[PDB]
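What follows is one chain in structure tokens, specifically the form deposited in one PDB entry.
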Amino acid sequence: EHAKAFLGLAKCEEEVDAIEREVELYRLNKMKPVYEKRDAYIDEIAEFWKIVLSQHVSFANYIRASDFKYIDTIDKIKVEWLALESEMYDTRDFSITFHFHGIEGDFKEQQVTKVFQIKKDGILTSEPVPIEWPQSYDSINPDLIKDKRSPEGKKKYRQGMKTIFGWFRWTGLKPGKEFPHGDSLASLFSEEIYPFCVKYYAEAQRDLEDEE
């Protein structure tokens, strides 16, 4: 028994999913103007992103220690939700653009955009995007390493692919063969870091305020 009720409940849950979709699209549309206005003010604050990325708890766990030298050069982060350009896109789909100020003689100033899209629930996927790795990473650079057959050549390949730079060539299509948990890192940016960066910034001052 209860079959009739169960079928009805299944249809109701479908209606709920549809509403959630409409609600999120409504929110994304309303937020676009506010984010633009907000980001313009952020661009006026020196080490904003440096401070935010160092304030986020789990972010640091996704990358290597030696990466913070370059992460600290991030001067701008902009996320754009693809669903605002067309349906066919999940509301979780987005492009994220980073601007690195660089480091004289080691890491060049550059702007890199990576696109994340849901594929079937569902999982994020992406296409590799070019990024010039720090000169300091030549020994662990996948495109450079000559002969990754030796025990050290493999160690170095693994070390480099686990850096934030390895994340840029992540696709989510070869589980176990790419930067670990690239999809979770992406979600960190679109769901936490970009939307609530100001709150992280305020918390960073608050924290350094209690130590005062």
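Don't overthink the numbering: it's just position in the shown sequence, from 1. C-alpha atoms forming the largest set that superposes within 1.5 Å between two forms make up the rigid core.
One more form of this protein, deposited in another entry, exists but is not displayed; see below.
A 2 Å or larger CA shift between the shown form and the other one, after fitting on the rigid core, occurs at just one of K69, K154, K30, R38, namely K154. Core-superposed comparison between the shown form and the other one: the Cα of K199 travels less than 2 Å.
Cα of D17 to Cα of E192: at least 3 Å longer in the other form than in the shown structure. Compared with the form shown here, the Cα atoms of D17 and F196 sit 3 Å or more farther apart in the other form.
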